[PDB]
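*Asks:* Following this message is one structure expressed as structure tokens.
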Amino acid sequence: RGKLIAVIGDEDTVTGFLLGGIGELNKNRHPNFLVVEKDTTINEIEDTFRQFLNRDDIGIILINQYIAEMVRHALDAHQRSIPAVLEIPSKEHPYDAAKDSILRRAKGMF
Amino acid sequence: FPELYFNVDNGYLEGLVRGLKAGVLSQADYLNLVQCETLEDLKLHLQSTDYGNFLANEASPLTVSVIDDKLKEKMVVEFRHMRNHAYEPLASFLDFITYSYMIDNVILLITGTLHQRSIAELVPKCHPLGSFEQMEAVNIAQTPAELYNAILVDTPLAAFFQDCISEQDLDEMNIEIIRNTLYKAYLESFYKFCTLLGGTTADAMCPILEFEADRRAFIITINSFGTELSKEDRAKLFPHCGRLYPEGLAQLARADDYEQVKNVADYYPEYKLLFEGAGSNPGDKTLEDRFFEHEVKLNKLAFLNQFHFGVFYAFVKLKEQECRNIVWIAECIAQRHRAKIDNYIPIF
Amino acid sequence: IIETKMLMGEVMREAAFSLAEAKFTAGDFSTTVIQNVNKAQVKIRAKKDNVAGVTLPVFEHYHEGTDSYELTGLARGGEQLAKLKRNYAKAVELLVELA
């Protein structure tokens, strides 16, 4: 058996990865992603993130860097080594290393 | 001879829509928009022309999605204001312009019901020109079969569905084949309708639709070679009102490689120049961009006749191209990638 | 990780720029792409590396051939959408490595 990637991000980031071939509906008809509008509340993103990191099918979660900062509490609380979380840049948004949850954990980095 | 009636009913709107076309960015205005460093500069430039105050009463953390939606809002209010005024000889013609957006809204509606998603959730995604007159299809949403029956009653689009879409076909066909087979019926019918509006309207609208029919034929063909569409499927989607209909469409149906498409385009100087004009080389303009440049040429030429409804169509497509230009510029500005920014299409 | 995040910055800038190009020639394709979802063309398989005398988990980029958006852009924009699809595929390849 394999696993699938999942996405939490704006319409453009989600659309990009869907055309990258990332998207699948689960047998319960739920997708492997959330589109985030500017009016989306913290509970929608966070409960989705808490679902995605605990589902059996999802092996990687992509989070837009701005959303990743809005959910930073639950994100930095995610300590499991296998279900990986990638903070990713976007067209009107901060760069790839801004407050990155993995880079901050290294002692060797300045 | 048509001049000598046209201004009885349309004279006001003809003056209005040319006036509205004067409110477009010139080549020098695009050459000014690209000079800047942030979307606040896009606001400050656009504040000097007809779009001024379009970002008043809006949040300071501005985004390209807000510029896109506000430019569509101006385009659609500029069009609703003409459609609400026009009398029956023109009002049917403006409704044919709206069909170029209602087809895509019908594909969203069909796609929602096939996925059992409530149609009312898709109304905010649907394009604002393609507003359905009766929302009762949307309010019911009960099944795809209910949607089909409801469209065939609630919408004046029903006459196009009856020719190409059965209820069984609606479930069995891929939605992108439904999109294109609808557009075939629309474009052939809008062409026939324009040839009933004889003289200037036919003579200077029909070249744009004849081109759109040929554009569809080329663009459908080159995009099909890696795909499930057979020779019959390409032919079934090509619009029969283009110049290529007697022969070129048949050769494009037979075609299986981009060289064979170029061979068809090489019989007609108007199309030979597009395929010579873009080789898809590194740093080149694409073939699609050459068709957008040519579409703008034809639309500009439609403003050179006086008394015809062709200006209302050419206006909508040029404001759509202007929205697309402002958004592309705003993306190249916001994404810092100014190197390709010149890929906007100049208009007037 | 630092090198791969720099590469990810570049491929994501290129892919995000390619969305603007696709929005040029295809209009709002995004609503169609978001609404129509079936099966993933790209999937990951987990694998074990024994390097340094310890078990380290990794992922492999696997591809199923079938394009879930094969016919998207036939009306307009399909050439630019093919370039976009390849750029996001390269982004996903780098992200599977980053994971």
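Residue numbering restarts at 1 in every chain; chains get A, B, ... in the order shown in the structure tokens, and ligands count up from 1 in that same order.
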I need the contact residues of chain C against chain B, so if you could list those with any atom within 7 Å, counting only C-alpha atoms, and return them as a list in words, that would help.
*Replies:* residues 20, 24, 25, 36, 70, 71, 72, 74, 75, 76, 77, 78 and 79 of chain C
*Asks:* Which is closest to residue C:7 among C:94, C:46, C:26, C:99, if we use only C-alpha atoms?
*Replies:*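 Ranked by minimum distance to residue C:7, first place goes to C:94.
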*Asks:* Got a sec to pull out which chain A residues are within 12 Å of chain B, counting only C-alpha atoms, and send them as a count of residues only?
*Replies:* 16
*Asks:* Contacts from chain A to chain C, 10 Å maximum, only C-alpha atoms: show me the residue list as a ChimeraX atom specification.
*Replies:* /A:1-5,11-26,29,31-35,58-62,81-92,95-97,102-103,109
*Asks:* How would you write, as a ChimeraX atom specification, the set of residues in chain A that DSSP gives as alpha helix (DSSP H)?
*Replies:* /A:11-19,42-52,65-70,72-77
*Asks:* Find the distance between atom CA of residue B:76 and atom CA of residue B:57 and write it in Å to one decimal.
*Replies:*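 For atom CA of residue B:76 relative to atom CA of residue B:57, the distance reads 19.0 Å.
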